[PDB]
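Visitor: sequence, then the experimental structure. Questions to follow.
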Amino acid sequence: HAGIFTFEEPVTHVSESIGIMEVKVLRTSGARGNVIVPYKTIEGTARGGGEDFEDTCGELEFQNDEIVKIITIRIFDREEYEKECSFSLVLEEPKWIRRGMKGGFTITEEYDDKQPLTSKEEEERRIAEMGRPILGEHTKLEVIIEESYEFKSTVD
């Protein structure tokens, strides 16, 4: 189906002393199957590797629209020195797995170990990919941390 996954808010500012932050990945259209939604933390001005934040890259399991997933990022209690440290988190191309649907099942048996599904030439590959789950239009999560940040009205 046309799956659309996006973050709650594209910018979140959190405390250094928060430990773990929580972001829900929302599904605009919904979910109906078994959808694996990968994500990856982008080191902007903040340093991963356990310095300011713990970088996290994994894949979330969105089966049905009923459930929601949360990305838990480790924010370290780092009282270093004032930086403009922020990191972004983005969602990767989500994949729809069989058995979670009804009637029509995409039996992914044509896959190539290098990277693509369509390991052939352009057999309407773009149309095939347009029939794959995607993310929202502009979906990024800029997570901002450091001693003394400004808390704006983050409201929905």
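Guide: Thanks, I have it. Numbering: from 1, shown residues only.

Visitor: now do the most centrally placed residue in the chain against residue 79, distance only.
Guide: The centroid of the chain falls nearest to residue 91 when counting by C-alpha atoms, centre = their mean (2.9 Å). Relative to residue 79, residue 91 is positioned 31 Å away (C-beta to C-beta, to the nearest Å). For the C-beta atoms, the positions are set from N, CA and C on the backbone; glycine is no exception.

Visitor: before we move on, what about residue 130?
Guide: 48 Å.

Visitor: could you do residue 152 as well?
Guide: Taking C-beta to C-beta, one finds residue 152 at 23 Å from residue 79.

Visitor: got it, and residue 64?
Guide: Taking C-beta to C-beta, one finds residue 64 at 42 Å from residue 79.

Visitor: those two: who's more crowded?
Guide: Between residue 64 and residue 79, residue 64 has the larger neighbour count (other C-beta atoms under 10 Å), namely 13 against 9.

Visitor: chain neighbours aside, what residue packs nearest to that one?
Guide: The shortest distance from residue 64 to any non-neighbouring residue, by C-beta to C-beta, 6 or more residues apart in numbering, is to residue 31 (5.6 Å).

Visitor: thought residue 68 was touching the one you found, still the case?
Guide: No: counting by C-beta atoms under 8 Å, residue 68 is not a contact partner of residue 31; they are 9.3 Å apart.

Visitor: common neighbours of the two, please.
Guide: Residues within reach of residue 31 and of residue 68 at once, by C-beta atoms under 8 Å, 6 or more residues apart in numbering, are residue 62.

Visitor: comparing the two, which residue is more hemmed in?
Guide: Neighbours were counted for residue 31 and for residue 68 using other C-beta under 10 Å; residue 31 has more, 25 against 13.

Visitor: all the strands of this protein, in order from the start?
Guide: Here the chain has its strands, by DSSP state E, at 4-7, 11-13, 20-27, 32-43, 57-64, 69-74, 86-91, 95-97, 134-135, 140-144.

Visitor: for those, which one sits closest to residue 104?
Guide: With distances scored as C-beta to C-beta, the stretch of the strands of the chain nearest to residue 104 is strand 32-43 (10.2 Å).

Visitor: can you name every helix or strand that that closest one contacts?
Guide: strand 57-64, strand 69-74, strand 86-91, strand 95-97 (3 or more C-beta pairs under 8 Å, 6 or more residues apart in numbering; DSSP states H and E).
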